[PDB]
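Down below is the structure, laid out as structure tokens.
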Amino acid sequence: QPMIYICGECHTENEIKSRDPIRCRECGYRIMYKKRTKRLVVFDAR
Amino acid sequence: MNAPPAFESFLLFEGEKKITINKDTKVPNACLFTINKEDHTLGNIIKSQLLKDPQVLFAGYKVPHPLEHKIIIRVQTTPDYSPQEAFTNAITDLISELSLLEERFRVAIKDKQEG
Amino acid sequence: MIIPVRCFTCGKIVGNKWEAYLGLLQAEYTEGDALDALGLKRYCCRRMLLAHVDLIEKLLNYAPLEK
Amino acid sequence: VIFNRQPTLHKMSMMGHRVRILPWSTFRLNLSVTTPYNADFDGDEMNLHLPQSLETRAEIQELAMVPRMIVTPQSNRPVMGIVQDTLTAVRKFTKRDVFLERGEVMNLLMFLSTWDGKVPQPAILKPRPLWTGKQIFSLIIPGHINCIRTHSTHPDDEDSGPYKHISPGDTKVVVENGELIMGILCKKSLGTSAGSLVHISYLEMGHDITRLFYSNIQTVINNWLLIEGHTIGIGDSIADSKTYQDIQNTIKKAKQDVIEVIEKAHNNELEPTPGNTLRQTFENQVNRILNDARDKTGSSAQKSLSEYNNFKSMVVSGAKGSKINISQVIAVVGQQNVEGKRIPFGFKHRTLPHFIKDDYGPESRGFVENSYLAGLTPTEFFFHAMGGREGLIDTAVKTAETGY
Amino acid sequence: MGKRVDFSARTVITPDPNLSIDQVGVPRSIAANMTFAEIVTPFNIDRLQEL
Amino acid sequence: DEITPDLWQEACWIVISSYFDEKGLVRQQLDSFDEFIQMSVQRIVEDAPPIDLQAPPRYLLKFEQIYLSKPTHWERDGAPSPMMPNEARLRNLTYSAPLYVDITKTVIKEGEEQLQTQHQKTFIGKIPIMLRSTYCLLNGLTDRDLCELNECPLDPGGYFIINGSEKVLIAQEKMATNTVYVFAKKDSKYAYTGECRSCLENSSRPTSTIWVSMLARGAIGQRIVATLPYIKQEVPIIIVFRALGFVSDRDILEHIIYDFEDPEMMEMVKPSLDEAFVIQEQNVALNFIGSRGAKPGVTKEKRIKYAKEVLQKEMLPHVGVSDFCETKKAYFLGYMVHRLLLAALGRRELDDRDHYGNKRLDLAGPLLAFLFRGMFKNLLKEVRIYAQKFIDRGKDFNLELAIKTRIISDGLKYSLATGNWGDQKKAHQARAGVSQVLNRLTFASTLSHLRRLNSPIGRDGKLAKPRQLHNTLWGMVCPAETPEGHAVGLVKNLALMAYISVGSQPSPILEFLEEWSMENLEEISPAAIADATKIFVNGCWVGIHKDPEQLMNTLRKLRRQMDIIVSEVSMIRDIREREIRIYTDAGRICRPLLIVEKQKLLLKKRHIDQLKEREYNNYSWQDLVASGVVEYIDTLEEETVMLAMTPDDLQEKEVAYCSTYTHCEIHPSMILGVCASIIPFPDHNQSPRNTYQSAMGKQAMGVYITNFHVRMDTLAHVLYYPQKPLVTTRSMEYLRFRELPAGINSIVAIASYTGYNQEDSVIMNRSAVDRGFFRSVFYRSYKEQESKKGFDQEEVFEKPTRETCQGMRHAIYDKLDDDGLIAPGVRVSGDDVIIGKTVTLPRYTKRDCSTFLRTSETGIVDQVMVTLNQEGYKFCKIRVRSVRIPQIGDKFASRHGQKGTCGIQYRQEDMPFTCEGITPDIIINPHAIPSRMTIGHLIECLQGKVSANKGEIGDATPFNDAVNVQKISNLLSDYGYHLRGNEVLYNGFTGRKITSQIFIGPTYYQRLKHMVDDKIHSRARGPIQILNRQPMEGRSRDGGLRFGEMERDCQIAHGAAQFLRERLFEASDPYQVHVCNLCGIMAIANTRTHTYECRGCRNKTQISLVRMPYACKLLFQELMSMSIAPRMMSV
Amino acid sequence: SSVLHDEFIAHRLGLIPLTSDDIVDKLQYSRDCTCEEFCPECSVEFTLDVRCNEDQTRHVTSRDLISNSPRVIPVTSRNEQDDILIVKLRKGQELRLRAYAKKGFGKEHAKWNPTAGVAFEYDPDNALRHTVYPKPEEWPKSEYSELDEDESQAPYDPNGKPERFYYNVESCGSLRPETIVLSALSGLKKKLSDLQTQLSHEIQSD
RNA sequence: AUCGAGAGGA
Ligand SMILES: [Mg+2]
Ligand SMILES: [Zn+2]
Ligand SMILES: [Zn+2]
Ligand SMILES: [Zn+2]
Ligand SMILES: [Zn+2]
């Protein structure tokens, strides 16, 4: 539900809800990245 | 996309026989042994051991396709002998040779580590 | 980007030799003598150490995504 | 299925094939059927069409199948023949001194589909049983076809003197009753020319037997080449010191000859020949001198080659290359031409700023006096790039007009 | 005069010395995508039911 | 003092390194853009005329100064912030800076009631900025600073970012201007034609071409005519001379013939005089010109005025466009006639169209200047209309509202975004191919694309002359790097030390010539021109001189001292014809060369010493140029230069070739470009092989850029383990191939092993591939945005639901989050959903518009980025990561044109092995060598064996007499190997020795972008096109393969009629129509009610069913659209 | 959070040799194990958890691969040669993973290949003439050659057969070289024994 | 999705 994103410039973990302009609350940077999922991906070391 | 799993070279598929014997009708006393999930490693030794049998008239093997994982070994023997018997004796002789080689390598290692 | 683990040809481990190789090079070894000190006698493993470009050192000049 | 490659130039560019399902993600082709398609494996892609009815399937099976497509009506000869590795290897295999042991022979007989299961009596019984390569190719050869050919190295004055029917060089291919009685097989015997073994097999034996003949040659010869091996390296591009000295003396004499012709022209001691202006006559004389130099040096390199040379092996079999390629790799690359003439004066009375004005010498106008192993000098490199650009332009510009 | 067609495939070509001249080695994915409409009969009822 | 030969190979390369420390590889792009911003924009703004508008009050609106700030970005709140190029790439912004112009509006009504109002910094537009230029935020930043900004320090720059897309301007070739070129067309009414594309110094109009031709023989003799601009009829030259005020025949021939002792010229000009005797005064000649024109005024007064304006403005603008210049124009037109007569008399050679001394490279600066002139003119026009509609009402107006800045901004942005070079409305007159998307597949591809030249001759043209490698490309263009497709010879590449001149003003040179003993052209008498030497400057004949030799000595001294003459100024003395042509204009490709004294280099050992400590004493390339030791020579000045290929040529020989050299090559290998400079031993290959490698180095995988982790490129391939080549050239040190290599050193054996490498194929080692050999990662970026364009319909990212969404595929959307975006680390297969987008309807009130994966990919989501685009709705980029392990069908290549696909992969026990158990990584077929003659491949393999056994990097620089095959073989025999690189190998299957000793060793191989998995495609009854119900086109569209005309012809030859019908009817577009048996026109069928009737014939019983292709039905209907009646008569 | 993607790290971990001397004979193939995905009878658990907090680059090496089984550890970590480098980390970067090691051989993947080169040779002096040197004088002598330096190759042996094969089996680290040879002989013998068992079933079923 | 342009492959 929270969908916490990371700032491209300040690297801050901040929560943003839908219908919200994409803005970091710590520095106002406009580019955000999603965090790595918690799902379990498996690799054959090959 | 089309890469077979690497175990398919070694593992038998369900309902697939490791070895199949088919009588060769062109000449008498000849057989084709289609061995699945083996390659040149066993084919070459089985062929070369069969060539040591004076009752074997023909001994050859082929991997019909490298992407496929079977070998065919053709064995023709003299009429008083059998290709199945020749193949069995070749495997027995290879096993005895490898057992002797293993024991002698153990002895050589023991000598080398000791003195 | 990083030193391979095995030699592509023989499968000898070269992953543990990059740092030692660099340390020997700053010790005023020639590349050949350095490769001899690490025990890379086949020219395949000498190829592995001698032709490696450590790009990871340049990729570590960028700040990560998370602090 | 119909298997197609673009551009579809003739009827052999779309042939019927039987599907064989195999692991990876490429269309796997036999190597004889690459010449009809003009296909090589440098990233070429091909189109598979699957007929969707029994009527179309029967149509393709009875009209467009590859064995029915072996001989082309264009030039009444085979369209597919034996090709690179199989041709170099069959040349090496049918040499007179190829002796196979019992285990090797059985290994090769495993790859004959059309084998009656009878091991042939070896050509040598004592001191040790040995079969010959001709003795196994005789098993590969189908039916009872009869064929006379001549290996590419067949001397022209041998059919006159003695030894016509017992050739010292093992040239003069003779197949009788489907046994290779003698001779070294090559492009002339297994290629796409008229009257070759593959053609005579298709004409006497059916298309099915000829299909099996192609397949059996390829399988047996490739599995023997696993023993023999074929390669090429720097040692094949090298010549002995005597050959290098001969080639350099030839080039020096040729350059002095061109200097003499230049001096004659400069002193008005050169008179034109009928049908040409003085410039054209001077150009003819210089080009004749330099072509003579190139041919003499190429002959020197060719005679320097050993029987183990792999360039000579591939050229002799006809698998790939030509004697001019050997000459350019060993002796001299030669004259570079743009539009059929020497390098033009693109600067003001100069080919490059490195030359004096009005220099009609061989090096000024684009004669590469080095080989590819020796390496080209910068001006030779640029002139050679000009000559090669001409070929690239021709290849890229002729296509539209020829297709139209 | 020319048009796009169904039941066609295209991929890179590769050598295979172990095919006959009249054979073409096809990937299992091309062959799994492409289909041939075979009519049912008592001769092939069992095989086609298996498929 | 002198550099001895033993030190030369160091000294020269030291010099070369200094060059690349000063300039780089994209210097031409940056210098062009810098000149455009510093000078061209200001010149364009000032060269526009003040717009005087009045009903009464009047306003002039003079533009006087420009200001270009740094690149900034304005958010929705409007806060200006400095925008970094990476932010522009990520957010799909345009890396542009605002251009503000100072405007001065003075009110003048009456009674000396004057007052000026100056609007400082009026925002006139936005100009996109070339990266790493002076006006780029990445200017002067250190590598640490660039890495702080997520930029690659090795990134050369030289490109623009328009809408997040990296666009590179390709230099465009064009014939040089203001120069007289006498050609001779074989099929034409004229025997000889002397053309001159004339253009004023500061461009304001297109090139006005003037021709001066000679009519082909067959009234009495050969007549000279002149095809003036804006006039559709030939005009005799004598008429033009009289129209300029020279009526007496003596005066005209004084201007044309400078040596009256030459009757040949005289009799060849006599027909033109004999043809113009009825016209003998200036006004009558002007009337004749106006009458021959395409707008013949009924009254001779306006005819004469029009002829005056044409002869003053359109005829030879470079000579001068003001009044009282008729003397200069007459002298120049007489020079054109003189050149034509010299060509017709055989005293001069016809000019070569292909000579690069006759060509100019239109770079980013002069191209953006063309755009800016057009766009500023349109802007001033719009301002004129806006201000006129206000002053017509007799009231003031606000210039800020008159200036609609979208003209300049959107114009430059559109032109750089699409490549259509011109106004957006003239989208067909505009010339495309300028401004291409920068190639980011490998660092070599990026560098080469940034150093790319284009000959706009047209690919359709089948004349080989412009495609030929001209002699004059030496040192300026790579002899090898060129596409081998339909653009052979047209698309070119700069040589490594090639520098395109940026341009300069001829004012200091002209002033010095005035102070020097040159005599102006208006002050002389024509009798002096006979023995004197003409002096042209940028095509304009400015005067004459008496001792050209010491003039040239003075000018060369001045240029070598960095005095008034700058380094890029070309100064050609033609001696046989007494011209001295000086060029300062832009677009002249030139290269640096070492000047030579009597028979010695001026580059002494002290210069090499100071260059060795380049990083301490700041002694750089520019100090080498300022010392008079190096000189930039252009293509046209090379004609007058005598080069030494090496200082060895300057040695006194048993027979001296020249003994009067003037320059020397820094190194001959600098004739190659970026991609040809990676080939080792390119002088041992056939040249087509070098061209094919120069093309294939650009598809090679590597690390295209260091900061690839942050770039959201549409397609990107990164190699796991790039290696620098063991065998390298000394030019890759400057290409940065060692820092971003694009291949791996592979133990390659040239052998025939199992037959799976025949016909340009390779056998790879499966065990090596398992160890990461030539493994790569493929990054694919998908973009999406939710548009709120209007309240009618709005898109939004949100996890769709089966109960509300309508066009929702059966694929599962569980991998998406509540935000509608998949998360990184999630494994995604073909047809999966990565972005859940829903659009509100006018399965209710919202429809599914989700973004699926490009089918049959099967990657893992690498990362997800969310931001806002320019207008400001939510914008997403998702990078998916797919590991590409090499397999059968993947294309690999060496650096010698030796390409091939993987035929098969054998494990290490199946591959052949040496006595010391080394198996080849790759096995290639020996038959790929002989016809191709890629001996560089073999020498590289042998050198690489020596390098690997010795612990060094082999030197494969092209022309190096210190490295030949015998030395390499002797070196290899010292490491216990056969001197020729052969080894005894054993059969991997049986272990028996191979009879033929195999040639094996390290060779640098490349993995090319062309993987089979991106090419394999199949179809069986997929989607069809809308217009003609035939299979789609492409893998991406699940389309069908084209059964073309040639396939139809092949199957006709086969005689396969049912297969032909299956392919062209039943497998493409089967269809049925109903035809009236009477009129043969398609009837109306109603199969539900079974009522078939033809409205034409008014029958409903004689209808027939016809099975025809849908394309044929569509054809017949499109013919009926044309009033054609194709009646399908079934009887 | 490292600069190498996940498959890069996984591939790199797969190629680290693990001491397999006495444990490989005891463990089962996961095909043969009657357990779920994993169990201690067919697999070995590894854990790696590294975080670069300090300013210098942190070398995540094979020493950071912590195992549940003390017998199966990375070779370099065994109690000189440095540790194999898995990844370099910058301050703030972190790598935490959980691996499982299995039993396999080189037919399936080269990571299960125990050799770092198998030199194999026979007939060092070309007496059987299985090679044909165009210029026998140009070739260096084998380390196993017994020829005086004037002699380039041995006189041709018409009655000869390949005997006396020379081996140099170099170990990657997982097994001892003599354990590689002994396990090779045992594996080949069990391949032949299984083949003979299936052969007997086919003969008796006919 | 369409259209165009460009870059490529054989
Ligand atoms: Mg091809
Ligand atoms: Zn922030
Ligand atoms: Zn190695
Ligand atoms: Zn009708
Ligand atoms: Zn288990």
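Chains: A, B, ... in order of the structure tokens. Residues: from 1 per chain. Ligands: from 1, in order shown.
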Dump as a list in words the residues of chain D that approach chain B to within 8 Å, counting only C-alpha atoms.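 Taking only C-alpha atoms into account, residues 22, 23, 24, 25, 103, 106, 107, 109, 110, 111, 116, 117 and 118 of chain D sit within 8 Å of chain B.
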Segment 203-205 of chain D: which residues within 10 Å, counting only C-alpha atoms (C1' of nucleotides), same-chain residues fewer than 3 positions away excluded, as a list in words?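 The residues satisfying every condition are residues 71, 142, 143, 144, 145, 146, 195, 197, 198, 199, 200, 208, 209 and 210 of chain D.
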Write the residues of the selection above to a file with C-alpha atoms, as a compact mmCIF listing (two decimals), in the first residue's frame.
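Once everything was written out, this is selection24.txt:
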```
# COMPACT_ATOMS: atom_id res chain seq x y z
CA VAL D 71 20.88 -30.58 -61.88
CA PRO D 142 26.93 -45.25 -55.92
CA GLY D 143 25.78 -47.78 -58.46
CA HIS D 144 28.17 -48.74 -61.24
CA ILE D 145 28.81 -45.32 -62.73
CA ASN D 146 31.82 -44.73 -64.99
CA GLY D 195 30.30 -34.44 -66.42
CA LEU D 197 30.78 -37.65 -60.54
CA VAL D 198 27.78 -35.94 -58.97
CA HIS D 199 26.35 -35.15 -62.40
CA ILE D 200 26.95 -38.65 -63.73
CA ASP D 208 17.54 -40.44 -54.38
CA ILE D 209 20.81 -42.30 -54.89
CA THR D 210 22.53 -38.99 -55.64
```
Please provide as a short mmCIF file (atom, residue, chain, number, x, y, z; two decimals) with C-alpha atoms, in the first residue's frame all residues within 10 Å of residue 7 of chain C, with the sequence filter that same-chain residues fewer than 6 positions apart are discarded (counting only C-alpha atoms (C1' of nucleotides)).
```cif
data_model
loop_
_atom_site.label_atom_id
_atom_site.label_comp_id
_atom_site.auth_asym_id
_atom_site.auth_seq_id
_atom_site.Cartn_x
_atom_site.Cartn_y
_atom_site.Cartn_z
CA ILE C 13 40.84 -19.69 -10.91
CA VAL C 14 42.07 -16.18 -11.71
CA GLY C 15 39.62 -14.24 -9.53
CA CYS C 44 45.22 -18.53 -21.65
CA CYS C 45 45.43 -17.50 -17.99
CA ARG C 46 48.11 -14.96 -18.83
CA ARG C 47 45.60 -13.65 -21.37
CA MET C 48 42.99 -13.44 -18.60
CA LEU C 49 45.11 -11.33 -16.25
CA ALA F 768 34.16 -21.30 -21.82
CA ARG F 771 32.51 -19.51 -17.47
CA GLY F 772 31.12 -16.19 -18.74
CA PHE F 773 32.82 -16.13 -22.15
CA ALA G 116 42.21 -26.33 -14.15
CA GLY G 117 43.75 -27.96 -17.21
#
```
Hey, which residues sit close to ligand 3? Say within 7 Å, counting only C-alpha atoms (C1' of nucleotides) and all ligand atoms, and write them as a compact mmCIF listing (two decimals) with N, CA, C and O atoms, in the first residue's frame.
```txt
# COMPACT_ATOMS: atom_id res chain seq x y z
N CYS C 7 39.56 -19.00 -15.61
CA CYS C 7 40.03 -18.81 -16.98
C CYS C 7 39.02 -19.42 -17.93
O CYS C 7 38.57 -20.55 -17.74
N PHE C 8 38.64 -18.66 -18.97
CA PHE C 8 37.63 -19.14 -19.90
C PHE C 8 38.05 -20.44 -20.57
O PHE C 8 37.20 -21.27 -20.89
N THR C 9 39.35 -20.64 -20.77
CA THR C 9 39.82 -21.78 -21.54
C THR C 9 39.95 -23.03 -20.68
O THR C 9 39.31 -24.05 -20.95
N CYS C 10 40.78 -22.96 -19.64
CA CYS C 10 41.08 -24.14 -18.83
C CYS C 10 40.17 -24.27 -17.63
O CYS C 10 39.87 -25.38 -17.20
N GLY C 11 39.72 -23.15 -17.07
CA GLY C 11 38.96 -23.15 -15.85
C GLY C 11 39.79 -22.94 -14.60
O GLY C 11 39.29 -23.17 -13.50
N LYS C 12 41.05 -22.53 -14.75
CA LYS C 12 41.85 -22.16 -13.60
C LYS C 12 41.29 -20.90 -12.96
O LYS C 12 40.83 -20.00 -13.65
N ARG C 42 50.08 -21.13 -18.48
CA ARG C 42 49.42 -21.25 -19.77
C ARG C 42 49.05 -19.86 -20.28
O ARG C 42 48.58 -19.02 -19.52
N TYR C 43 49.26 -19.63 -21.57
CA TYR C 43 49.01 -18.31 -22.11
C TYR C 43 47.53 -17.93 -22.09
O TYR C 43 47.22 -16.75 -22.27
N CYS C 44 46.63 -18.88 -21.85
CA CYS C 44 45.22 -18.53 -21.65
C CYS C 44 45.01 -17.76 -20.35
O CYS C 44 44.30 -16.75 -20.32
N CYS C 45 45.61 -18.21 -19.25
CA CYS C 45 45.43 -17.50 -17.99
C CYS C 45 46.21 -16.20 -17.98
O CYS C 45 45.78 -15.20 -17.38
```
Go through the chains and note each residue within 6 Å of ligand 2, using only C-alpha atoms (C1' of nucleotides) and all ligand atoms, then give the set as a count of residues only. 9
Just want the residues within 8 Å of ligand 4, written as a PyMOL selection string, counting only C-alpha atoms (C1' of nucleotides) and all ligand atoms. chain F and resi 1075-1083+1093-1099
Atoms kept (C-alpha atoms) for selection, written as an mmCIF file, in the first residue's frame:
```cif
data_model
loop_
_atom_site.group_PDB
_atom_site.id
_atom_site.type_symbol
_atom_site.label_atom_id
_atom_site.label_comp_id
_atom_site.auth_asym_id
_atom_site.auth_seq_id
_atom_site.Cartn_x
_atom_site.Cartn_y
_atom_site.Cartn_z
ATOM 1 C CA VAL F 1075 -20.927 -10.843 -58.592
ATOM 2 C CA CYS F 1076 -23.817 -10.081 -60.894
ATOM 3 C CA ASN F 1077 -23.715 -12.469 -63.839
ATOM 4 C CA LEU F 1078 -24.991 -9.652 -66.084
ATOM 5 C CA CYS F 1079 -22.857 -6.591 -65.266
ATOM 6 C CA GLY F 1080 -20.010 -8.406 -63.508
ATOM 7 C CA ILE F 1081 -19.962 -5.865 -60.656
ATOM 8 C CA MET F 1082 -19.901 -6.911 -57.009
ATOM 9 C CA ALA F 1083 -23.481 -7.384 -55.843
ATOM 10 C CA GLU F 1093 -29.403 -8.508 -55.582
ATOM 11 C CA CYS F 1094 -27.577 -6.163 -57.941
ATOM 12 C CA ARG F 1095 -28.871 -2.606 -57.652
ATOM 13 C CA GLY F 1096 -27.414 -1.891 -61.085
ATOM 14 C CA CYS F 1097 -29.203 -4.598 -63.064
ATOM 15 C CA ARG F 1098 -32.219 -4.780 -60.694
ATOM 16 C CA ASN F 1099 -31.926 -8.580 -60.617
#
```
Residues of chain H were defined as contacting chain F if any atom lay at most 9 Å from it, counting only C-alpha atoms (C1' of nucleotides); please report them as a PyMOL selection string. chain H and resi 5-7+9
Using C-alpha atoms (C1' of nucleotides), can you export the residues from the last selection as a PDB file, in the first residue's frame?
```pdb
ATOM      1  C1'   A H   5      12.375   9.473 -41.708  1.00  0.00           C
ATOM      2  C1'   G H   6      16.735   7.380 -40.118  1.00  0.00           C
ATOM      3  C1'   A H   7      20.023   3.467 -38.673  1.00  0.00           C
ATOM      4  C1'   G H   9      21.502  -7.075 -41.568  1.00  0.00           C
TER       5        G H   9
END
```
Distance filter 9 Å around ligand 1, atoms: only C-alpha atoms (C1' of nucleotides) and all ligand atoms, out as a count of residues only: 12
Name each residue within 10 Å of ligand 5, counting only C-alpha atoms (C1' of nucleotides) and all ligand atoms, as a list in words.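 Residues satisfying the distance criterion: residues 27, 28, 29, 30, 31, 32, 33, 34, 35, 36, 37, 38, 39, 40, 41, 42, 43, 44 and 102 of chain G.
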Please produce a file of those selected residues containing N, CA and C atoms, as a short mmCIF file (atom, residue, chain, number, x, y, z; two decimals), in the first residue's frame.
```cif
data_model
loop_
_atom_site.label_atom_id
_atom_site.label_comp_id
_atom_site.auth_asym_id
_atom_site.auth_seq_id
_atom_site.Cartn_x
_atom_site.Cartn_y
_atom_site.Cartn_z
N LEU G 27 26.94 -36.88 -0.57
CA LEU G 27 25.74 -36.18 -1.01
C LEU G 27 25.11 -36.87 -2.21
N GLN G 28 23.81 -36.65 -2.35
CA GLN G 28 23.03 -37.19 -3.44
C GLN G 28 22.73 -36.08 -4.44
N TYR G 29 22.42 -36.49 -5.66
CA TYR G 29 21.86 -35.55 -6.61
C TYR G 29 20.44 -35.20 -6.18
N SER G 30 20.07 -33.93 -6.32
CA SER G 30 18.72 -33.52 -5.97
C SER G 30 17.67 -34.27 -6.78
N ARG G 31 18.06 -34.82 -7.93
CA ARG G 31 17.18 -35.73 -8.65
C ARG G 31 16.87 -36.95 -7.81
N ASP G 32 17.88 -37.49 -7.14
CA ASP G 32 17.75 -38.73 -6.39
C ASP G 32 17.26 -38.53 -4.96
N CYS G 33 17.41 -37.32 -4.42
CA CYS G 33 16.96 -37.07 -3.06
C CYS G 33 15.44 -37.12 -2.99
N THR G 34 14.92 -37.77 -1.94
CA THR G 34 13.49 -37.89 -1.72
C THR G 34 12.92 -36.74 -0.91
N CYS G 35 13.65 -35.63 -0.81
CA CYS G 35 13.23 -34.48 -0.03
C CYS G 35 12.52 -33.47 -0.92
N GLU G 36 12.27 -32.28 -0.37
CA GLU G 36 11.72 -31.16 -1.12
C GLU G 36 12.85 -30.55 -1.94
N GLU G 37 12.69 -29.28 -2.34
CA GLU G 37 13.73 -28.59 -3.10
C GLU G 37 15.13 -28.85 -2.54
N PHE G 38 15.30 -28.80 -1.22
CA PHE G 38 16.62 -28.94 -0.61
C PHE G 38 16.56 -29.75 0.67
N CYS G 39 17.72 -30.26 1.05
CA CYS G 39 17.94 -30.90 2.34
C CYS G 39 19.45 -31.07 2.51
N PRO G 40 19.92 -31.31 3.74
CA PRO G 40 21.37 -31.47 3.95
C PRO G 40 21.95 -32.72 3.32
N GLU G 41 21.12 -33.65 2.83
CA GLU G 41 21.63 -34.85 2.19
C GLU G 41 21.99 -34.65 0.73
N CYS G 42 21.49 -33.59 0.09
CA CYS G 42 21.72 -33.35 -1.33
C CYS G 42 22.23 -31.95 -1.62
N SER G 43 22.51 -31.14 -0.60
CA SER G 43 22.84 -29.75 -0.85
C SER G 43 23.56 -29.18 0.36
N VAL G 44 24.24 -28.05 0.14
CA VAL G 44 24.97 -27.34 1.18
C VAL G 44 24.54 -25.88 1.14
N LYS G 102 25.18 -27.82 -4.97
CA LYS G 102 24.63 -29.10 -5.38
C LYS G 102 25.75 -29.96 -5.92
#
```
At most 8 Å to chain C: residues in chain F, only C-alpha atoms, as a count of residues only: 37
Using only C-alpha atoms, tabulate the residues of chain F lying at most 7 Å from any atom of chain A, each with its closest atom pair and that distance in Å to one decimal, by chain and increasing residue number, as a Markdown table.
```
| residue | atom | partner | partner_atom | distance |
| --- | --- | --- | --- | --- |
| F:770 | CA | A:46 | CA | 6.5 |
| F:818 | CA | A:1 | CA | 6.6 |
| F:819 | CA | A:18 | CA | 6.5 |
| F:823 | CA | A:37 | CA | 5.4 |
| F:824 | CA | A:36 | CA | 4.9 |
| F:825 | CA | A:37 | CA | 5.8 |
| F:826 | CA | A:37 | CA | 6.9 |
| F:827 | CA | A:41 | CA | 6.9 |
| F:864 | CA | A:34 | CA | 5.5 |
| F:865 | CA | A:33 | CA | 4.5 |
| F:866 | CA | A:32 | CA | 5.2 |
| F:867 | CA | A:31 | CA | 4.6 |
| F:868 | CA | A:22 | CA | 6.6 |
```
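Using only C-alpha atoms, one finds that the residues of chain D close to chain G, at 12 Å or less, are residues 100, 101, 126, 127, 128, 129, 130, 227, 228, 229, 235, 236, 305, 306, 307, 308, 309 and 310 of chain D.
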Determine, counting only C-alpha atoms (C1' of nucleotides), which protein, DNA and RNA residues have an atom within 12 Å of an atom of residue 87 of chain G; residues of the same chain fewer than 3 positions away are not included. Present the result as an MDAnalysis selection string. (chainID C and resid 1:5 15:16 54:57 59:60) or (chainID G and resid 1:6 8:13 48 50:52 57:64 83:84 90 93:96)
Spatial neighbours of residue 151 of chain G, 12 Å, only C-alpha atoms (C1' of nucleotides), chain gap at least 3 places, as a list in words: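 In the requested form, the answer reads residues 125, 126, 136, 137, 138, 139, 140, 141, 145, 146, 147, 148, 154 and 155 of chain G.
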I need the contact residues of chain E against chain F, so if you could list those with any atom within 9 Å, counting only C-alpha atoms, and return them as a VMD selection string, that would help. chain E and resid 1 to 17 29 to 31 33 to 35
Residue contacts of residue 120 of chain D (10 Å, only C-alpha atoms (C1' of nucleotides)) excluding same-chain residues fewer than 6 positions away, as a compact mmCIF listing (two decimals) with C-alpha atoms, in the first residue's frame:
```txt
# COMPACT_ATOMS: atom_id res chain seq x y z
CA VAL D 105 38.07 -47.80 -41.66
CA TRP D 131 42.79 -49.61 -46.78
CA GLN D 135 39.05 -47.81 -51.59
CA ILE D 136 36.54 -46.19 -49.20
CA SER D 138 34.67 -46.47 -53.98
CA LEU D 139 32.19 -47.60 -51.33
```
